[PDB]
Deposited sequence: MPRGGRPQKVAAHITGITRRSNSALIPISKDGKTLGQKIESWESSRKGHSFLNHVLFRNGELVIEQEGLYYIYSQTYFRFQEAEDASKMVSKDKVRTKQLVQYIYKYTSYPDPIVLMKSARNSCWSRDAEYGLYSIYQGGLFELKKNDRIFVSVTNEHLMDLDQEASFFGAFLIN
């Protein structure tokens, strides 16, 4: 038997003006599409499909979903945000998880290094599509060690 829990803050639609939530179903950030999915020892797929930057569910159930995104830049603040999204039978793409950083404000800032990891438990249906979207994609580093995206089914 599966024994698990995922509970969230009660604010369903946040009124925050800093990183505005979208009200017309528009995706925030730019979807990451340059993922590698079949290098033995580094990446794999087992009964999960990959296409168009999305992991597509074959088996309904509870999944732990996670992503790390590595922001690296050389030189005002940058808003560095990672979104994990779900498409399902619903008119809008759904933000499952959001994680945000601001770069250092000091005028002495020569460069930045901001790895953002997050993950959590979500009930998914067959043919749901999940993907990662980030602000400031031009600052993302697609180093296979530093940026990745995965999920596993919990039995």
Q) Which residue ranges of the deposited sequence are not present in the modelled coordinates? A) 1 to 7, 83 to 95
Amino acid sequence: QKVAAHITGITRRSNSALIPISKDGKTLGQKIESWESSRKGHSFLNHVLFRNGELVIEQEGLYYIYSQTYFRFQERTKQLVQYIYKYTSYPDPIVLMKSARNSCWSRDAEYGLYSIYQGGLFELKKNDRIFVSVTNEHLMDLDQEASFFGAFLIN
From here on, numbers count along this sequence of modelled residues.
(Q) Per the record, averaged over C-alpha atoms, which has the higher B-factor: 44 to 52 or 102 to 110? (A) 102 to 110
Q: Please work out which of 141 to 149 and 5 to 13 has the higher mean CA B-factor as recorded in the PDB entry.
A: 5 to 13
Q. Highest Cα B-factor in the deposition, which of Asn127, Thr69, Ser89, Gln118?
A. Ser89
Q: Looking at the entry's B-factor column for C-alpha atoms only, identify whether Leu18 ranks in the lowest, middle or highest third of its chain.
A: highest
